[PDB]
Amino acid sequence: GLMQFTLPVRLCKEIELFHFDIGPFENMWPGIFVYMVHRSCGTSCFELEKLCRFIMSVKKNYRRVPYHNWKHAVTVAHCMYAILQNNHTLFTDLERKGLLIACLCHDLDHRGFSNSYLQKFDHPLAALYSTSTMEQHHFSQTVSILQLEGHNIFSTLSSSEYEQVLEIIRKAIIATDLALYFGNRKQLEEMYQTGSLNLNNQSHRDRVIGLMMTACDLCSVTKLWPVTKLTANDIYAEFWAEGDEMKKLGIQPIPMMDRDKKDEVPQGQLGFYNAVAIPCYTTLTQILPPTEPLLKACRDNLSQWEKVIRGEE
Ligand SMILES: Cc1c(C(F)(F)F)nc2ccc(CCc3nc(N4CCCC4)nn3C)nn12
Ligand SMILES: [Mg+2]
Ligand SMILES: [Zn+2]
């Protein structure tokens, strides 16, 4: 009850900034996450015994893949922590509780393969869920871990509050299917610009939280250049493995996933920043002005890839 978590001074300070890296010591990520729940939600949101037990069960169910791993989960949760703290009065007691959990859980049991690879391989999960295949698997794994004895971190919530919070986590986790983002951003664009955007319309919050989820999920482009550059290695290491698997089933993989097309990486990073990240963080800054630093940071990294193309590094 009176048991704070505290972080070394550098982490206590740097953790409040959007571009914070959680570092290479796996063993402190749980402490960091708790620390964020406590400052973000209150020391009373969750029973410490149950939360710790849930954190460690979630960790166990992420896999040793290059990118979509436990470090991605806590990274995505920290970006969300930063958004919540720079917009504190805008979000319900329940939304604060659910969204940090949604980010931790959003890639549960990822195998390092896209929805398309499950479909082309004919993986059972593609039969169970026709669209947002892995994302419905992710929500599913969240509910599994929430039902393990001693893991109900929501046990204090009323019947209806519990259903509302699980429904926030469901839509939150679905929204991380980037195929849905393009349409989600476009509507939020129109709504903002015609002045029809209304945060009391629950279907408008849903979209806004959706965009926040894309923003957190992509936050690896909003870090200091050396962190962004090195993460891209992990991202490409999964995609090229999926490329190899595609060739195994007798399919030319899209160039993104062809390791033979290593050389066009900086050109592909440009496309991605221009077609995906820049728009994401633009619309998000318009809707939530204190998130501007994600946009500024994203721009800087775009500029760093331009420098790579021109052989300035
Ligand atoms: C940095 C990053 C993130 C995140 F935000 F999460 F960090 N999420 C993604 C998703 C895709 C990509 C690769 C972009 C791309 N590469 C290519 N290739 C063609 C031939 C060689 C390169 N085409 N495209 C579109 N990066 N990425
Ligand atoms: Mg995902
Ligand atoms: Zn993710």
Side-chain angles (χ1 to χ4, degrees), residues 18-19 21 58 62-63 65-80 102-118 125 129 131-142 169 172-182 210 212-225 227-243 246 252-281 284 294-295 297-299 301-302 304-305 308-309:
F18 285 99
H19 61 270
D21 184 75
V58 170
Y62 277 90
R63 296 174 165 232
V65 294
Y67 177 61
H68 282 100
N69 54 40
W70 174 230
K71 193 175 190 181
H72 175 64
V74 173
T75 291
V76 174
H78 159 269
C79 187
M80 179 57 72
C103 291
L104 194 68
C105 290
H106 89 282
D107 277 329
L108 264 177
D109 197 36
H110 206 284
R111 328 290 175 95
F113 295 114
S114 67
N115 285 346
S116 309
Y117 179 71
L118 292 226
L125 286 171
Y129 320 115
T131 63
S132 309
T133 298
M134 290 293 323
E135 292 81 18
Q136 299 192 58
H137 183 59
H138 302 316
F139 176 65
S140 194
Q141 293 279 289
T142 315
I169 294 157
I173 285 167
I174 300 307
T176 63
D177 173 15
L178 199 69
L180 300 188
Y181 148 71
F182 293 108
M212 288 160 62
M213 287 302 296
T214 309
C216 296
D217 196 25
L218 296 178
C219 71
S220 149
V221 297
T222 81
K223 304 294 175 175
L224 285 210
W225 168 243
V227 184
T228 303
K229 191 180 148 205
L230 285 171
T231 310
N233 290 349
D234 297 330
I235 306 185
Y236 281 115
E238 302 198 355
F239 285 163
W240 293 339
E242 186 171 316
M246 283 288 190
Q252 254 309 117
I254 71 180
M256 206 188 297
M257 297 190 184
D258 195 346
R259 79 171 71 250
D260 293 339
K261 271 140 193 182
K262 261 193 176 183
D263 301 319
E264 293 155 55
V265 156
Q267 199 54 56
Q269 280 307 295
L270 270 197
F272 181 76
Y273 275 78
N274 286 315
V276 189
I278 297 289
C280 174
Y281 291 119
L284 177 70
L294 295 164
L295 175 50
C298 179
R299 292 206 168 290
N301 282 314
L302 166 42
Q304 290 311 312
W305 287 111
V308 177
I309 290 141

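Counting starts at 1 for both ligands and their atoms, following the listed order. We're numbering straight along the sequence, starting at 1. The basis for the numbers below is simple: all heavy atoms, side chains too, and nothing from hydrogens, waters or symmetry mates.
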Discussion item. Has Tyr181 got a side-chain atom pairing as donor or acceptor with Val276's backbone, closer than 3.5 angstrom?
Written reply: yes
Item to complete: Taking the six-membered ring for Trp and the single ring otherwise, decide whether the centroids of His137 and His110 are under 6.0 Å apart.
Response: no
Worksheet item: Any donor-acceptor pair under 3.5 Å linking the side chain of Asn115 with the backbone of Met134?
Response: yes
Item to complete: Could you please tell me which protein N, O or S atoms lie under 2.8 Å from the Zn ion (ligand 3)?
Response: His72 NE2, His106 NE2, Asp107 OD2, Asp217 OD1
Worksheet item: Aromatic rings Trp240 and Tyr236: how do their planes relate, parallel, tilted or perpendicular, breaks at 30° and 60°?
Response: parallel
Response to the item:
Those residues with a heavy-atom separation under 4.0 Å from ligand 1 are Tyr67, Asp217, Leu218, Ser220, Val221, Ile235, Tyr236, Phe239, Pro255, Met256, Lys261, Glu264, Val265, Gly268, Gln269, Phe272
Worksheet item: Do side-chain atoms of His106 reach the backbone of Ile173 as a donor and acceptor pair under 3.5 angstrom?
Response: no
Item to complete: Would you sort out whether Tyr273 and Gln304 count as a side chain to side chain donor-acceptor pair (under 3.5 Å), showing the intermediate values?
Response: CA-CA 11 Å; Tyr273 275 78; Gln304 290 311 312; over 6 Å; no
Worksheet item: Is the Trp305 ring parallel, tilted or perpendicular to the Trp225 ring (thresholds 30°, 60°)?
Response: perpendicular
Fill in: Shortest non-hydrogen contact from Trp70 toward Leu104
CZ3-CD1, 3.6 Å
Worksheet item: When you measure from the Mg ion (ligand 2) to each N, O or S atom of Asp107, which atom gives the shortest distance?
Response: OD1
Worksheet item: Stepwise, does the side chain to side chain donor-acceptor pair (under 3.5 Å) test hold for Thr176 with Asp217?
Response: CA-CA 7 Å; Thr176 63; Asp217 196 25; 5.0 Å; no
Worksheet entry | Test side chain to side chain donor-acceptor pair (under 3.5 Å) applied to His138 and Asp109, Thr133, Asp107, the passing residue | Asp107
